[PDB]
Amino acid sequence: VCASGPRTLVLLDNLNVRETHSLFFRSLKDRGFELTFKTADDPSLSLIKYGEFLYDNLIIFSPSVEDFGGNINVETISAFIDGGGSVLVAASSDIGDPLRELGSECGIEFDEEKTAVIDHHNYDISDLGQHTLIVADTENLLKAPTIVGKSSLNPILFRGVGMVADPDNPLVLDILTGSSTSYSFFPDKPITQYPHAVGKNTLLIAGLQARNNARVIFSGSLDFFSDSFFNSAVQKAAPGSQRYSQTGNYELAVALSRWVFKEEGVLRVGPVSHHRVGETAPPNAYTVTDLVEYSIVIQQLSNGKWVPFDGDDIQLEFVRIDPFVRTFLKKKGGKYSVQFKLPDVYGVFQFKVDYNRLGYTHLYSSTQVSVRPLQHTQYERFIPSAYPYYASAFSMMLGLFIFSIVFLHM
Amino acid sequence: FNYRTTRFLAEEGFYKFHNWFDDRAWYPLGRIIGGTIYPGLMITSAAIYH
């Protein structure tokens, strides 16, 4: 079961893109996606009908188009991402304003039109002589196995517009950074001003994980997905550089597409059970310093079948305003559970699980539990240390009665 | 506040009312109703009602 349905809409600036990118589309079709190809400017385009989403995934391979046909608009795409749809965007030097605006909403800042990434040291030998076709080293690749694939990759060719991730937005993912020497500027015009992107700040590919878990990937270069790069060999122009039979573009593209479409890293939270130790049911309210058992189950989507999750870093918290207790949840019997003693302070406590990890879906669970003070009956009785006090009160009654008997009949 | 307490005491009984802890107020700290109140007014109303 795929978290996102196979229905996919493809937007192409020109029909020829399908032929040039046949390898990418064929690999996607082989996975069971139902692709439909329409021109980006086509008037009939629509995403929402009567409040329902016509398509589950959108791929915009329309870098040069100034405006979208029909009802598609930057607001509509933003709503679509909020709905949980996955979006893929491919850019180029001809980027129109809507693509830049869409990146702005997502926190990824595209550079101005006509700019290109310039690398004078790592540009491929095949480059036209403008040093804009850069051989991106795998070292810059993000250290996330789920997103990029466990397998190693050969150097990948990128040619396109650099973008900068906004620092303020935490969710932004720096999937592929540029080289230390790379920068984004207008090649013809001298660099009087500070570059928009300089050094490793420049981003070639970046990803976003929304709070609703929608995933969007922005690529600086449309050509990266082109069949030409996939088959072309790579050798750096600089002397002493090895020549590789094939690029890593094809392998990297396959891994990214799987991540965007919720084929990897998807996690679900099942029932959570809490009860007093030795009890099968949760009490209405717990007592101070009582011992309780907390159990939760988490699953992972592998190959479309849910299986027990293997994560070992999960941490449970008992919180009132700030976390009183935090501990790891042990993996026992296919479930994550721990037993602990409640704090000595009463209040409206909440159990919390916040297992957020890079590349995986963000899981949050909260259950409200009230802890109450001890009842009057529960207090200790017949304390041995208090025996002298006990003796006095009993003694007084006996003396008083004896006095009454003697006094009356004296 | 007195009205809500009076209803709880009559329906629930004195002993439960004595140990009543309310979690619906002063979130998230909570309040101990039993030990922070004056029972005189509530008891008189409940006794006549019975």
# chains A, B, ... in the order shown; residues from 1 in each chain; ligands from 1

$ residues_around --residues "residue A:254" --least-positions-apart "5" --cutoff "9 Å" --atoms "only C-alpha atoms" --output "compact mmCIF listing (two decimals) with N, CA and C atoms, in the first residue's frame"
# COMPACT_ATOMS: atom_id res chain seq x y z
N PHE A 24 13.69 8.43 -17.39
CA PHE A 24 13.12 8.75 -16.09
C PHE A 24 11.64 8.37 -16.02
N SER A 27 11.15 4.53 -15.87
CA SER A 27 11.45 3.98 -14.55
C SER A 27 10.33 4.27 -13.57
N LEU A 28 9.71 5.44 -13.70
CA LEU A 28 8.58 5.78 -12.83
C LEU A 28 7.34 4.98 -13.19
N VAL A 148 18.65 9.22 -0.04
CA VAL A 148 19.52 9.10 -1.20
C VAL A 148 19.88 7.66 -1.54
N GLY A 149 19.46 6.69 -0.73
CA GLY A 149 19.82 5.32 -1.00
C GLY A 149 21.09 4.92 -0.27
N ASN A 249 23.91 9.91 -12.04
CA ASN A 249 22.66 10.66 -12.12
C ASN A 249 21.45 9.73 -12.07
N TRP A 259 11.67 8.63 -2.37
CA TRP A 259 11.45 9.38 -1.14
C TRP A 259 10.31 10.37 -1.28

$ residues_around --residues "stretch 34-48 of chain B" --least-positions-apart "6" --cutoff "12 Å" --atoms "only C-alpha atoms" --output "CSV table (one decimal) with N, CA, C and O atoms, in the first residue's frame"
chain,number,residue,atom,x,y,z
A,372,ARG,N,-3.2,12.5,41.2
A,372,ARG,CA,-3.9,13.1,42.3
A,372,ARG,C,-3.1,12.8,43.6
A,372,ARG,O,-2.4,11.8,43.7
A,373,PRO,N,-3.3,13.6,44.7
A,373,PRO,CA,-2.7,13.4,46.0
A,373,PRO,C,-3.3,12.2,46.7
A,373,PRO,O,-4.4,11.8,46.4
A,374,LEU,N,-2.6,11.8,47.7
A,374,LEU,CA,-3.0,10.7,48.5
A,374,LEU,C,-4.3,11.0,49.3
A,374,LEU,O,-4.5,12.1,49.7
A,375,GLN,N,-5.2,10.0,49.4
A,375,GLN,CA,-6.4,10.2,50.1
A,375,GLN,C,-6.1,10.1,51.6
A,375,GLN,O,-5.1,9.5,52.1
A,376,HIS,N,-7.1,10.6,52.4
A,376,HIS,CA,-6.9,10.6,53.9
A,376,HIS,C,-6.8,9.2,54.4
A,376,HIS,O,-6.0,9.0,55.4
B,1,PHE,N,-19.3,28.6,42.0
B,1,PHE,CA,-18.4,27.6,42.6
B,1,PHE,C,-19.0,26.9,43.7
B,1,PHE,O,-18.9,25.6,43.8
B,2,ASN,N,-19.8,27.5,44.5
B,2,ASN,CA,-20.5,26.8,45.6
B,2,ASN,C,-21.5,25.9,45.0
B,2,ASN,O,-21.7,24.7,45.4
B,3,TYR,N,-22.2,26.3,43.9
B,3,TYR,CA,-23.3,25.5,43.4
B,3,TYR,C,-22.7,24.2,42.8
B,3,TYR,O,-23.3,23.1,43.0
B,4,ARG,N,-21.6,24.3,42.1
B,4,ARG,CA,-21.0,23.1,41.5
B,4,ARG,C,-20.5,22.1,42.6
B,4,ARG,O,-20.7,20.9,42.5
B,5,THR,N,-19.9,22.7,43.7
B,5,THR,CA,-19.5,21.8,44.8
B,5,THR,C,-20.7,21.2,45.5
B,5,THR,O,-20.6,20.0,45.9
B,6,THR,N,-21.8,21.9,45.7
B,6,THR,CA,-23.0,21.4,46.4
B,6,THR,C,-23.5,20.2,45.6
B,6,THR,O,-23.9,19.2,46.2
B,7,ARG,N,-23.6,20.3,44.3
B,7,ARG,CA,-24.1,19.2,43.5
B,7,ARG,C,-23.2,17.9,43.6
B,7,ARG,O,-23.7,16.8,43.8
B,8,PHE,N,-21.9,18.2,43.6
B,8,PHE,CA,-21.0,17.0,43.7
B,8,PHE,C,-21.1,16.3,45.0
B,8,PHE,O,-21.1,15.1,45.0
B,9,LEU,N,-21.2,17.1,46.1
B,9,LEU,CA,-21.3,16.4,47.4
B,9,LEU,C,-22.6,15.6,47.6
B,9,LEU,O,-22.5,14.5,48.1
B,10,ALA,N,-23.7,16.1,47.1
B,10,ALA,CA,-25.0,15.4,47.3
B,10,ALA,C,-25.0,14.1,46.5
B,10,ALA,O,-25.4,13.1,47.0
B,11,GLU,N,-24.6,14.2,45.2
B,11,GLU,CA,-24.6,13.0,44.4
B,11,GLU,C,-23.5,12.0,44.8
B,11,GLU,O,-23.8,10.8,44.8
B,12,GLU,N,-22.3,12.5,45.1
B,12,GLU,CA,-21.2,11.6,45.3
B,12,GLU,C,-21.1,11.1,46.8
B,12,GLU,O,-20.4,10.1,47.0
B,13,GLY,N,-21.6,11.8,47.7
B,13,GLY,CA,-21.4,11.4,49.1
B,13,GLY,C,-20.3,12.3,49.8
B,13,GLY,O,-19.4,12.8,49.1
B,14,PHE,N,-20.4,12.3,51.1
B,14,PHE,CA,-19.4,13.2,51.8
B,14,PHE,C,-18.0,12.7,51.7
B,14,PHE,O,-17.1,13.5,51.5
B,15,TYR,N,-17.8,11.4,51.8
B,15,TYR,CA,-16.4,10.9,51.8
B,15,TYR,C,-15.7,11.1,50.4
B,15,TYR,O,-14.5,11.5,50.4
B,16,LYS,N,-16.4,10.9,49.3
B,16,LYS,CA,-15.8,11.2,48.0
B,16,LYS,C,-15.5,12.7,47.9
B,16,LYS,O,-14.5,13.2,47.4
B,17,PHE,N,-16.5,13.5,48.4
B,17,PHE,CA,-16.3,15.0,48.3
B,17,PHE,C,-15.1,15.4,49.1
B,17,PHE,O,-14.4,16.4,48.8
B,18,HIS,N,-14.9,14.8,50.3
B,18,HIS,CA,-13.8,15.2,51.1
B,18,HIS,C,-12.5,15.1,50.4
B,18,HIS,O,-11.6,15.9,50.6
B,19,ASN,N,-12.3,14.0,49.6
B,19,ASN,CA,-11.0,13.8,48.9
B,19,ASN,C,-11.1,14.2,47.5
B,19,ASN,O,-10.2,13.9,46.7
B,20,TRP,N,-12.1,15.0,47.1
B,20,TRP,CA,-12.2,15.4,45.7
B,20,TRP,C,-11.0,16.2,45.3
B,20,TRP,O,-10.6,17.2,45.9
B,21,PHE,N,-10.4,15.8,44.1
B,21,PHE,CA,-9.4,16.6,43.5
B,21,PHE,C,-9.9,16.9,42.1
B,21,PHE,O,-10.3,16.0,41.3
B,22,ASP,N,-9.8,18.2,41.7
B,22,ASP,CA,-10.4,18.7,40.5
B,22,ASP,C,-9.2,19.0,39.5
B,22,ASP,O,-8.3,19.7,39.8

$ residues_around --residues "residue A:3" --least-positions-apart "2" --cutoff "9 Å" --atoms "only C-alpha atoms" --output "PyMOL selection string"
chain A and resi 1+5+261-263+266+301+304

$ interface_residues --of "chain B" --to "chain A" --cutoff "6 Å" --atoms "only C-alpha atoms" --output "list in words"
residues 19, 28, 29 and 30 of chain B

$ write_last_selection --atoms "N, CA, C and O atoms" --output "PDB file, in the first residue's frame"
ATOM      1  N   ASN B  19     -12.301  14.028  49.618  1.00  0.00           N
ATOM      2  CA  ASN B  19     -11.049  13.757  48.933  1.00  0.00           C
ATOM      3  C   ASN B  19     -11.069  14.226  47.491  1.00  0.00           C
ATOM      4  O   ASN B  19     -10.174  13.872  46.721  1.00  0.00           O
ATOM      5  N   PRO B  28      -2.118  23.539  34.026  1.00  0.00           N
ATOM      6  CA  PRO B  28      -2.036  22.114  34.334  1.00  0.00           C
ATOM      7  C   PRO B  28      -1.763  21.832  35.800  1.00  0.00           C
ATOM      8  O   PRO B  28      -1.578  20.686  36.177  1.00  0.00           O
ATOM      9  N   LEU B  29      -1.699  22.844  36.661  1.00  0.00           N
ATOM     10  CA  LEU B  29      -1.332  22.589  38.049  1.00  0.00           C
ATOM     11  C   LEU B  29      -2.381  21.750  38.769  1.00  0.00           C
ATOM     12  O   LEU B  29      -2.037  20.815  39.499  1.00  0.00           O
ATOM     13  N   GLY B  30      -3.656  22.065  38.583  1.00  0.00           N
ATOM     14  CA  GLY B  30      -4.715  21.398  39.311  1.00  0.00           C
ATOM     15  C   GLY B  30      -4.981  22.069  40.646  1.00  0.00           C
ATOM     16  O   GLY B  30      -4.180  22.850  41.153  1.00  0.00           O
TER      17      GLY B  30
END

$ select_by_dssp --residues "stretch 10-48 of chain A" --states "helix (DSSP H, G or I)" --output "PDB file with N, CA and C atoms, in the first residue's frame"
ATOM      1  N   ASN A  16       8.417  17.693 -26.233  1.00  0.00           N
ATOM      2  CA  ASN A  16       9.676  17.013 -26.503  1.00  0.00           C
ATOM      3  C   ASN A  16      10.363  16.545 -25.231  1.00  0.00           C
ATOM      4  N   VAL A  17      10.015  17.125 -24.083  1.00  0.00           N
ATOM      5  CA  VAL A  17      10.669  16.748 -22.835  1.00  0.00           C
ATOM      6  C   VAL A  17      10.477  15.263 -22.570  1.00  0.00           C
ATOM      7  N   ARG A  18       9.316  14.726 -22.939  1.00  0.00           N
ATOM      8  CA  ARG A  18       9.043  13.320 -22.678  1.00  0.00           C
ATOM      9  C   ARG A  18      10.023  12.419 -23.410  1.00  0.00           C
ATOM     10  N   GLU A  19      10.311  12.732 -24.672  1.00  0.00           N
ATOM     11  CA  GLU A  19      11.291  11.951 -25.415  1.00  0.00           C
ATOM     12  C   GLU A  19      12.685  12.090 -24.817  1.00  0.00           C
ATOM     13  N   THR A  20      13.087  13.311 -24.466  1.00  0.00           N
ATOM     14  CA  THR A  20      14.434  13.513 -23.947  1.00  0.00           C
ATOM     15  C   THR A  20      14.614  12.866 -22.583  1.00  0.00           C
ATOM     16  N   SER A  22      12.910  10.117 -21.491  1.00  0.00           N
ATOM     17  CA  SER A  22      12.181   8.858 -21.559  1.00  0.00           C
ATOM     18  C   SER A  22      12.627   7.903 -20.463  1.00  0.00           C
ATOM     19  N   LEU A  23      13.923   7.879 -20.155  1.00  0.00           N
ATOM     20  CA  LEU A  23      14.422   6.929 -19.167  1.00  0.00           C
ATOM     21  C   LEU A  23      13.793   7.170 -17.801  1.00  0.00           C
ATOM     22  N   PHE A  24      13.686   8.434 -17.392  1.00  0.00           N
ATOM     23  CA  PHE A  24      13.118   8.746 -16.086  1.00  0.00           C
ATOM     24  C   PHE A  24      11.644   8.366 -16.020  1.00  0.00           C
ATOM     25  N   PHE A  25      10.879   8.713 -17.053  1.00  0.00           N
ATOM     26  CA  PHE A  25       9.455   8.396 -17.053  1.00  0.00           C
ATOM     27  C   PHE A  25       9.218   6.894 -17.082  1.00  0.00           C
ATOM     28  N   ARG A  26      10.014   6.160 -17.857  1.00  0.00           N
ATOM     29  CA  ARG A  26       9.844   4.713 -17.920  1.00  0.00           C
ATOM     30  C   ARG A  26      10.117   4.067 -16.570  1.00  0.00           C
ATOM     31  N   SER A  27      11.155   4.526 -15.873  1.00  0.00           N
ATOM     32  CA  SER A  27      11.455   3.979 -14.555  1.00  0.00           C
ATOM     33  C   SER A  27      10.331   4.269 -13.574  1.00  0.00           C
ATOM     34  N   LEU A  28       9.705   5.439 -13.697  1.00  0.00           N
ATOM     35  CA  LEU A  28       8.584   5.775 -12.828  1.00  0.00           C
ATOM     36  C   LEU A  28       7.340   4.976 -13.187  1.00  0.00           C
ATOM     37  N   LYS A  29       7.082   4.790 -14.481  1.00  0.00           N
ATOM     38  CA  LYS A  29       5.911   4.026 -14.893  1.00  0.00           C
ATOM     39  C   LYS A  29       6.034   2.576 -14.452  1.00  0.00           C
TER      40      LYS A  29
END
